[PDB]
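Have a look at the structure below, then the notes.
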Amino acid sequence: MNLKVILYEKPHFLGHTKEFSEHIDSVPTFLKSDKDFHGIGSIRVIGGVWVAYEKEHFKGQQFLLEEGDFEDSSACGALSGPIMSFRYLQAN
């Protein structure tokens, strides 16, 4: 699988970005740099099938994110609040 997710600071793919191609157990640890942003305004899933979670370590309410462009909460319900971890999914 080609995995890639881009997180954007602001809705509609604006502001600074973060990129990943692996499980993110902790969004806070992932965004801990002073040159980063906090809170995710929009998401592009470039490759792979992912679960976004309310809490760290893949806990709390789950949202399914497949490949697509998610400009705001109307596009993706996950964006209507904090996302604290991401896990990619894998078939055999």
Extreme residue, positive dipole direction of the chain, given options 85, 29, 42 (C-beta unit charges): 29
Net charge of Cβ neighbours under 14 Å - reference residue 32; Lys, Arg +1; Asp, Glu -1: -2
Zero-based 5 Å bins, Cα pair distances in the chain, whole percents: 3, 15, 27, 29, 19, 5, 1, 0
Dipole moment magnitude, nearest 20 debye, the chain about Cα centre, only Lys, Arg, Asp, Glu C-beta charged: 160
Cross-link partners of residue 10 among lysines (Cα-Cα below 24 Å; sequence separation of 8 or more within a chain): 18, 32, 35, 55
Calculated [θ] (222 nm, deg cm²/dmol) that DSSP helices of n ≥ 4 give over the chain, each run adding -39,500 (n - 2.57): -500 deg cm²/dmol
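Since every read-out is calculated from the coordinates, none of them should be taken as a lab result. Please note: Cβ atoms are built from the backbone with ideal geometry, for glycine as well, and neighbour counts cover all protein chains shown.
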